[PDB]
């Protein structure tokens, strides 16, 4: 039998359907008392929401896979048991297991596959128009945010550099301090004068108001964008960009969204928390998430279900996940420093605060900063 009390943190607009999932959980586990709330600052900030006071934080919380190495090394999350590991590994696609594994051990329960795509108004742009960045932006406005390194760091990967080495596990393996890194910096700088590229802190609002024909966004907004665009909804994988005069696919990050168990819990509450985390990331629960938000399951069977297989967003995400089209976010503890330093590097190139004469110096300093 499973008993105990568990606090669950989810992202703000997810609460209504996690309440439905928790109702399903309580059919099987009637004696577990779950309190579902939004988190203080969302899954993109889980490591600090938990770290500021682990005993006060939720017992089960939503967290993106890049944060897991930091949280594991800090002792905020424990390895999954052998049986829990086997379930994750057997039920979900390979990259989901890679996403939650740190030094050979799993530290979270994966449930969704996240890659950004182009979302666009098909009354304004065609499927052919969105194949290239310059071609798209010559025909309509793309709204985006150059202060967000999750949006734009992958251009360095398109340029042929590595982030923490071949597989994201090599502390000294970022090699962006090179001519290839400079090519990415120059691409950011070019976009400042591209009249079809609109800098904004709220790209989705620009799509809603009609000021943008296209945005880059992820599947957490799939159902949201389908509602906004209605019969004009369309989606595509990322386009090619020109780097050093060559067309290359513009990458996104591949992220795995997860739930983790707070290591503070003990006794019955710990068992209840692990049971909840397993349940809310099971196939049925992943399909409920899909039905509400459009997020893409990592469960092998769910991905091949008719409804997911016919969804154009799922198809675009599956394309994005292929080698060359994205890179799995690394989960090194150093990712904290990476994210902090990457945003001003990219935005400085875009705004011109970093001129071309300084690209090499700034990239050298960046690599030193993130490679300790």
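Positions refer to the first chain, counted from 1.
Peer 1: If you take the mean CA temperature factor per stretch, which one wins between 296 to 304 and 158 to 166?
Peer 2: For C-alpha atoms only, the mean B-factor is higher in 158 to 166.
Peer 1: So, looking at the entry's B-factor column for Cα atoms, which has the higher mean, 285 to 293 or 169 to 177?
Peer 2: 169 to 177 has the higher mean C-alpha B-factor.
Peer 1: In terms of CA temperature factor as recorded, identify the highest of 26, 45, 70, 327.
Peer 2: By C-alpha B-factor in the record, 26 ranks first.
Peer 1: For the listed 65, 41, 310, 347, which has the peak Cα B-factor recorded in the PDB entry?
Peer 2: Result of the comparison over 65, 41, 310, 347: 310.
Peer 1: By the recorded C-alpha temperature factor, relative to the other modelled residues in its chain, which third is residue 267 in?
Peer 2: Its C-alpha B-factor, which the entry lists for residue 267, ranks in the middle third among residues of this chain.
Peer 1: Mind checking which third residue 126 falls in for C-alpha B-factor across the chain?
Peer 2: It falls in the top third of the chain.
Peer 1: Tell me, lowest, middle or highest third: where does the Cα B factor of residue 341 rank within its chain?
Peer 2: Within its chain, residue 341 is a middle-third residue by C-alpha B-factor, going by the deposited values.
Peer 1: Thinking about Cα B factors across the chain, which third does residue 83 belong to?
Peer 2: CA B-factor rank for residue 83: highest third.
Peer 1: Using the B-factor values recorded in the entry, state whether the Cα atom of residue 2 falls in the lowest, middle or highest third among the modelled residues of its chain.
Peer 2: Within its chain, residue 2 is a highest-third residue by C-alpha B-factor, going by the deposited values.
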